Amino acid sequence: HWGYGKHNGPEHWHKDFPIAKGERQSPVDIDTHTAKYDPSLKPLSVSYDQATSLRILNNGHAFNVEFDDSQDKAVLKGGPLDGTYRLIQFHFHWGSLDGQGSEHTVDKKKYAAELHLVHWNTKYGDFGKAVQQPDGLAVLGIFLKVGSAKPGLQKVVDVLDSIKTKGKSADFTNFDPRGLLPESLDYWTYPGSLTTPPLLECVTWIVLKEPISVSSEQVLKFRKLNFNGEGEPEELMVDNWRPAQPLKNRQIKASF
Ligand SMILES: NS(=O)(=O)c1ccc2[nH]c(-c3cscn3)nc2c1
Ligand SMILES: [Hg+2]
Ligand SMILES: [Zn+2]
């Protein structure tokens, strides 16, 4: 099945998922001198005070921190979004080396990793119905660079030991995702897709300009994770990023 290796990676996805070559695929390179400031964008509103995490899961591709999305508690609104989008999970994409790892790029610059906070449009009742709609999802993307540690990431780092291999999960309650956010909410936005199969074109992407810094020790622990399941030969979980895809005359708008 699909993965990131030579034989099953991004270049192969289109065979099972023909939408891989579609008209609004993600990620993309953000050309900062082509993106235009958009005065019609409302302020972005990230309201994570009441977020309720449940558990963390190694899904053989990345790890997902999952949230209880049964009530309106952690929501994204404003900016390019109409209505309210509810936080369902976050996950990362990272590299084998600090020089690569992010999915979106900025003037072709690759960051060490990228955080994706995934939200569904509450007008569609749930996630499953939302992914059938052109405006069903909003993903907030945050770049990671290597420098100072991010204190609010350590809780995530320390639990990875317990979910080393595919299919493992651990209780992960009371995690506050406000601790993963940079200071500024300046962002670029464009219509796009999920960046893994099934690559559904259902996402309004909101990519923050300001990266967060994480420590070398923090990213190194991401790289100790396994793509394989327990008792299988070790395949380190690294380079789980899709490269930039054709923009195809979409327009990337800037909030600043
Ligand atoms: N890399 S991404 O474009 O943020 C991405 C890709 C695949 C995803 N799958 C889900 C999901 C959340 S609940 C059931 N599925 N959320 C997903 C988000
Ligand atoms: Hg869609
Ligand atoms: Zn992602």
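1. Points about the coordination of the zinc ion (ligand 3)
Piece 1. Looking at the zinc ion (ligand 3), the protein donor atoms are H91 (NE2), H93 (NE2) and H116 (ND1), and they sit 2.0 to 2.1 Å from it.
Piece 2. Of note is the zinc ion (ligand 3), whose four donor atoms meet at the metal with angles of 95 to 119° in an arrangement that counts as tetrahedral.
Piece 3. Written as a sequence motif, the donor residues of the zinc ion (ligand 3) are H-x1-H-x22-H.
Piece 4. In this structure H93 comes out as buried when scored by relative accessible area, which is 2%.

2. Side note on the pattern of salt bridges
Piece 1. One pass over the full model with this rule turns up 10 salt bridges.
Piece 2. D38 is the partner of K253 in a salt bridge, and the nearest nitrogen-oxygen pair spans 3.6 Å. In this pair, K253 is assigned in strand β15 (residues 253-254) and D38 in the loop between β2 (36-37) and β3 (44-47), connecting sequence segments 215 residues apart.
Piece 3. Residue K253 is classed as partly exposed on the basis of its relative accessible area of 39%.
Piece 4. For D38, a relative accessible area of 10% puts it in the buried group.

3. Some thoughts on the packing of aromatic side chains
Pairs of aromatic rings are described using the distance from one ring centre to the other and the angle between the two planes.
Piece 1. Applying the stated criterion across every chain yields a total of 15 aromatic pairs.
Piece 2. Arranged with centres 5.7 Å apart and planes meeting at 75°, the rings of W2 and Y4 form a pair that is edge-to-face.
Piece 3. Note on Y4: relative accessible area 16%, which makes it buried.
Piece 4. Taking 6.0 Å as the distance between ring centres and 90° as the angle between the ring planes, the aromatic pair formed by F90 and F92 counts as edge-to-face. Taken as a pair, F90 and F92 share a single burial class, namely buried.
Piece 5. One aromatic cluster is present, built from ring pairs that chain together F63, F67, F90, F92, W94, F172, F175 and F222.
Piece 6. Here the guanidinium or amino end of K209 rests over the ring plane of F256, the centre of that ring lying 5.6 Å away.

4. Some thoughts on the UniProt feature "binding site: substrate" in the chain
Piece 1. In this numbering, the UniProt entry assigns the feature "binding site: substrate" to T195 and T196.
Piece 2. What makes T195 buried here is its relative accessible area of 6%.
Piece 3. Contact partners of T195, with chain neighbours within four places excluded, come to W13, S26, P27, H93, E103, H116, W205 and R242.
Piece 4. Engagement of the side chain of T195 in a polar contact is seen with the side chain of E103, the distance being 2.6 Å.
Piece 5. The topology assignment puts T196 in the loop between β12 (187-192) and β13 (203-208).
Piece 6. The partly exposed category is assigned to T196, whose relative accessible area is 23%.

5. Comments concerning unusual backbone geometry
Piece 1. A cis amide bond links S26 with the next residue in sequence, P27, at an omega value of 5°.
Piece 2. Looking at where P27 falls in the secondary structure, it is placed in the loop between α1 (13-16) and β1 (29-30).
Piece 3. Put simply, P197 and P198 share a cis peptide bond, and its omega is 10°.
Piece 4. The residue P198 is located in the loop between β12 and β13 in this model.
Piece 5. Phi is positive for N174, close to 65°, though the residue is something other than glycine.
Piece 6. Here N174 shows up in the loop between β11 (169-171) and β12.

6. Structural notes on the site of ligand 1
Piece 1. The environment of ligand 1 is formed by 13 residues, the closest being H91, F127, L194, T195 and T196.
Piece 2. Interatomic distance of 3.4 Å between a side-chain N/O atom of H93 and a nitrogen atom of ligand 1.
Piece 3. Relative to its unbound accessible area of 420 Å², ligand 1 is 77% covered by the protein chains.
Piece 4. Per-element tally for the shell around ligand 1: the top contributor is strand β7 (residues 85-94), with four residues.
Piece 5. Partitioning the shell around ligand 1 into residue classes produces six nonpolar, seven polar and no charged.

Rules used throughout
Residues numbered from 1 in each chain as written, not as in the entry; some residues may be left out. Chains lettered and ligands numbered in written order. Heavy atoms only, no water. Donors = N, O, S within 2.8 Å, 3.2 Å for Na, K, Ca; no water. Tetrahedral: all angles 85-135°; square planar, octahedral: opposite > 155°, others 65-115°. Buried < 20%, exposed > 50% of the residue type's maximum accessible area, 1.4 Å probe, protein only. Salt bridge = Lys/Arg side-chain N within 4 Å of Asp/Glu carboxyl O. Helix = DSSP H or I, 4+ residues; strand = E, 2+ residues; numbered from the N terminus. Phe/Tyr/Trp six-rings, centres within 6.5 Å; stacked < 30°, edge-to-face > 60°. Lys NZ or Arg CZ within 6 Å of the ring centre and 35° of its normal. UniProt positions renumbered as here; feature names shortened; annotations may be inferred. Contact = heavy atoms within 4.5 Å. Polar contact = N/O pair within 3.5 Å; in protein donor to acceptor, adjacent residues only side chain to side chain. Near = heavy atom within 4 Å. Areas by Shrake-Rupley, 256 points an atom, 1.4 Å probe, with all protein chains shown as cover. Nonpolar A, V, L, I, M, F, W, Y, C, P; charged D, E, K, R; others polar.

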